[PDB]
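Protein chains in written order, with PDB author numbering: chain D, 1241 to 1290; chain X, 1 to 7; chain P, 1 to 7; chain Y, 1140 to 1190; chain G, 6 to 375; chain F, 6 to 375.
Let me begin by presenting the structure, written as structure tokens, before commenting on it.
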Amino acid sequence: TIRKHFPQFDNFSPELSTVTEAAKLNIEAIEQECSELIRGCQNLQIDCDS
Amino acid sequence: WXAXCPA
Amino acid sequence: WXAXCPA
Amino acid sequence: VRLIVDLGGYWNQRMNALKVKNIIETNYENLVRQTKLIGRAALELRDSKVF
Amino acid sequence: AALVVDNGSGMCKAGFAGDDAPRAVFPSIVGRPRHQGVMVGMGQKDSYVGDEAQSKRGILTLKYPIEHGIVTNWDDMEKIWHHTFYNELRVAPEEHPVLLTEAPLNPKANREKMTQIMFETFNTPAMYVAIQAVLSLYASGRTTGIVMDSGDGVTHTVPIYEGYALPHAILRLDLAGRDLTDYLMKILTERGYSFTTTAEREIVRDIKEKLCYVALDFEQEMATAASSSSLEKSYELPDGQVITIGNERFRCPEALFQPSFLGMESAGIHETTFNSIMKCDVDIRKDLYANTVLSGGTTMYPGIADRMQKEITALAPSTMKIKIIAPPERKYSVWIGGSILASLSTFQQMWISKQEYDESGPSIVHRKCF
Amino acid sequence: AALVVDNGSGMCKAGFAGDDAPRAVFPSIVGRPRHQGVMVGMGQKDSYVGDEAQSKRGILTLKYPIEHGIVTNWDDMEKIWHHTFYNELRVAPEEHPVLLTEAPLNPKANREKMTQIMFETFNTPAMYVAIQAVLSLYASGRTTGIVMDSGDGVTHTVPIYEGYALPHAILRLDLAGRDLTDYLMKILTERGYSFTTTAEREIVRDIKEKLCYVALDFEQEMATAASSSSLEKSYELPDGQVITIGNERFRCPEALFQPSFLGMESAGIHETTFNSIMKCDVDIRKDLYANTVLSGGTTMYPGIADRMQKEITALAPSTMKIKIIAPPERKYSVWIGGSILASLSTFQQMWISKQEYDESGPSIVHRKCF
Ligand SMILES: Nc1ncnc2c1ncn2[C@@H]1O[C@H](COP(=O)(O)OP(=O)(O)O)[C@@H](O)[C@H]1O
Ligand SMILES: Nc1ncnc2c1ncn2[C@@H]1O[C@H](COP(=O)(O)OP(=O)(O)O)[C@@H](O)[C@H]1O
Ligand SMILES: [Mg+2]
Ligand SMILES: [Mg+2]
């Protein structure tokens, strides 16, 4: 149906390629991994200073 | 080998 | 053959 | 004895300081790229009229 | 001093404890002359071992006594050991302990016979039996990591978190350089070059060691090779003929990651790394990702680490980081690590005594050595 | 006539309600050839499943669509069912209700997924889904008890009570037959036999089914096995090779009771049975001990019943009595119990109709059949 009357929707894969790459990425672990860095460095600030 | 491969 | 044998 | 027993008062804190610095020296640049990738995809899908 | 001998499928080395380089470097092949002796001027020995054979390899029937890390012919094996100790190392075995190395997941008969030979033929004062891959990690100065050993008969993956390795996650694959040698030749017949005998097999062995390389993108590189030129190299045969090789430079090393070309269902060398690390605990997984070590003469291909790092990256989740360690002298890491272990004072208590062997026979090796 | 179809990790069972034995018992495998076909005009199929796949398994890459209970491939799972109805049973599903089984603590994702592929692709008039563990004791003739369910994919311990499952008390242990078969091969290599590919994975599955058995006392049996050759047995490989195993008969099945042999921190089923019953109520605990049942092909080992009876007795208080019920037909107990359930006159009440599904949608299964 699309390839007969909707040429504009012929292939949406190339236009949306970042979504495919982001699918391999686990969101929740990314925030958990990075937010630990803020926790550790803030603990360093009190450790080095006081 | 004995049962399997050549060794 | 080119390398090895005569063929 | 000269290192662990002798300096056990502040050894872990010194080790705690060193581990993070090496971690920041390595993971920080790729974390920025990972964040920039996920936010771009969210904007791309929200701004896709074909989809 | 204690002697260190590391028997390999094709290449065997030996030296002394504390040394930074093995003393003897000669391949482990014994050949017998098929033709009949005509001249009586020289000795014309019944058999020749090591570098002696390769000098005259045209007229010998070269045989490999050890296959897939298993000593098939014990009669020939003692010929190497006798040659090592008296001709190359020129030392008497009955004064010094000697250590031997083995691949993991070997038959119990393999490593019981050598202990019998050591304590009955050469009468060595002491002995030890140590896994090939674990000693490689010692050479890198690490005790928490996974070692990618790849020689001629065995390609075993073992994770090592502490002073002892995990036996349960040991994955052993019988795909190595010798299979690769068998693979380029059948493909090399496409270009009109025929090599069938074992004498030309070493000639086949030479071209792999010099011209074969790992391609980062197999699909892109083969398309590049379709345009001809910029990749073909000229190699001179010992006869004198010069041969040119095209796409085969990367195709044969590529078979490590796609064993489908060689007809065995096991996954690629990149994939089996992922399987082994899945079998270990979650907490130890983080350390092993950043401590991946390559070893063995197969891993010498240029760019093998870069393509390896790319492949595991796709399979592994992006959170954990992958760092592949490729020391320049990983060719002899198995021996070098053994020299360090032999030089350790703590190891004087893990030697096996001749009297202890007498009381328990050759079965003591299972319980003591690992 | 209502169809009773038993999807399983290893074996797939199908038949008719009221029958005493499944009509079709074939492996749950899917095969795709790894080599190109050169002999044309044969009409060779693209995918092969069941006995026919097992017949030509040498040139096929067998895949299990279900691994660890969870279905990892929904496209292949219908194909074996498609072969199940039209080929094995030769019955049109358009005029018969069909019965399938579900696994304990199953994720909610699958449960409509089978629902959405049966009412649409095969449009079965009626449907019902129950626990395979619940149907286990139904064939045993009791309604309250605990089941020692073990199979090819996963193992579950379900303390049923009036046929109503206890979700909190369900304990999941990852010690299944496939693990033992994988453990059998890694220990079989000690005798010089190397089985690595998937086609020969069935071979060791055949060996352990005939030769492996449960030893009452591990420490006594290894001493006897080392001393004498009586325990050794000879098995015949399909190529004609003769193999012999000395102590592996009682060693591989022992890992079910000693998971540390595989390296799993979770302990054996003997304590897991005791662990699960600790979670239940104290007053009902009296009934559960005396109506313990064994199920699945993993529990077929000779001498397995008395061995578990001995071990849990030490775990259990001296006041309590333990009665291990091991019906010899427990291989097909899950299938037989379903045929019993389907044949019931009152079983027409909790049917899910094609019409009612249409207004209710996929979500009806979570509340109708639970
Ligand atoms: N420069 C090289 N490039 C590619 N492969 C090499 C190179 N040098 C050696 N090899 C391979 O390494 C193998 C032997 O490596 P090694 O593990 O040191 O000995 P062994 O396998 O006998 O233990 C040889 O079969 C050879 O094919
Ligand atoms: N006589 C036997 N001895 C040992 N194991 C057996 C025997 N018979 C069957 N098995 C094992 O039982 C398994 C069958 O699993 P099954 O109970 O069909 O799984 P499910 O419960 O998921 O249908 C097979 O994989 C096989 O290895
Ligand atoms: Mg080697
Ligand atoms: Mg089951």
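Heads up, the beta-carbon is just placed ideally off N, CA and C, and yes, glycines get one too.
Contact between the region 138-149 of chain F and the region 46-57 of chain F is absent: fewer than 3 CB-CB pairs across the two stretches fall below 8 Å.
With at least 16 other beta carbons inside 10 angstroms of its own, G:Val134 counts as buried. If you draw a straight line from the Cα of G:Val287 to the Cα of G:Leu293, it is about 10 Å long. Nearest CB-CB separation between Y:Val1171 and chain D: not below the 7 Å threshold. In this structure, DSSP gives F:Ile175 a state outside helix and strand, which the three-state scheme calls coil. Residue ranges of uninterrupted beta strand (DSSP E) with 3 or more members, entirely inside the region 118-201 of chain F and ordered along the chain, are 131-136, 150-155, 160-165, 176-178.
The residues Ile122, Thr126, in chain order, have a CB closer than 8 Å to that of G:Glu83 in the same chain once the five nearest residues on each side in sequence are set aside. Annotation: F:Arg62 is outside any alpha helix (DSSP H) and is labelled neither H nor E by DSSP. In this structure, ligand 3 has no non-hydrogen atom nearer than 6 Å to the beta-carbon of F:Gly158. When rounded, the separation of the alpha-carbon atoms in G:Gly343 and F:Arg39 is 42 Å. Taking C-beta atoms as the reference points, D:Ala1263 and Y:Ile1177 fail to come closer than 7 Å. Checking the DSSP bridge columns, you'll see G:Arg37 partnered with G:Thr66. If you ignore the 5 residues before and after F:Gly13, its C-beta comes within less than 7 Å of the C-beta of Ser33, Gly156, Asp157, all in its own chain and listed in chain order.
Using a Cβ-Cβ distance cut-off of 8 Å, the region 70-81 of chain F and the region 363-371 of chain G are not in contact, since fewer than three pairs of beta carbons, one from each stretch, lie closer than that value. Unbroken beta strand (DSSP E) stretches of 3 residues or longer found wholly inside the region 199-242 of chain G: 238-241, given in chain order. F:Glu226 sits away from G:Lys113, with the two beta carbons spaced by 7 Å or more. Separation of the CB atoms of G:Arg62 and G:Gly36 is rounded to 7 Å, and the pair is thereby assigned contact status at 8 Å. Proximity of the beta carbon of G:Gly20 to ligand 3 is not indicated: no heavy atom of the ligand is located closer than 6 Å.
Annotation: the region 289-326 of chain G contains the following complete segments of the alpha helix (DSSP H) (minimum length 4 residues), in chain order: 309-320.
Proximity of G:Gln246 to chain P, defined by a Cβ-Cβ separation below 7 Å, is satisfied. Placement of the Cβ of F:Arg210 at a distance of less than 6 Å from at least one heavy atom of ligand 2 is found. According to the DSSP assignment, D:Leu1256 belongs to no alpha helix (DSSP H), since it is labelled neither H nor E.
The C-beta of G:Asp154 has 16 or more other C-beta atoms within 10 Å across all chains shown, which makes the residue buried. With a threshold of 7 Å between beta carbons, D:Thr1241 makes no contact with chain Y. When G:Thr303, G:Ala319, G:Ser348 are compared, the shortest CA-CA separation from G:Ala331 is found for G:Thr303.
Nearest CB-CB separation between G:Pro98 and chain F: not below the 7 Å threshold.
Within the region 1252-1284 of chain D, the residues whose Cβ lies closer than 8 Å to any Cβ of chain G are, in chain order, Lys1264, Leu1265, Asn1266, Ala1269, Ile1270, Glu1273.
According to DSSP, G:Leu104 shares a beta bridge with G:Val9, G:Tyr133.
DSSP, reduced to helix, strand and coil, places F:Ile71 within a strand of the structure shown. Take the alpha-carbon of G:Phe262 and the one of G:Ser300: they are about 16 Å apart. Here DSSP, grouped into helix, strand and coil, assigns G:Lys113 to helix. For F:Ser199, the nearest beta carbon of chain X is closer than 7 Å to its own beta carbon. Closest in alpha carbon position to G:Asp311, among G:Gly268, G:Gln354, G:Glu259, is G:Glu259. Annotated three-state conformation of F:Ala29 is strand, per DSSP. Interface criterion not met: the Cβ of F:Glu361 is under 7 Å from no Cβ in chain G.
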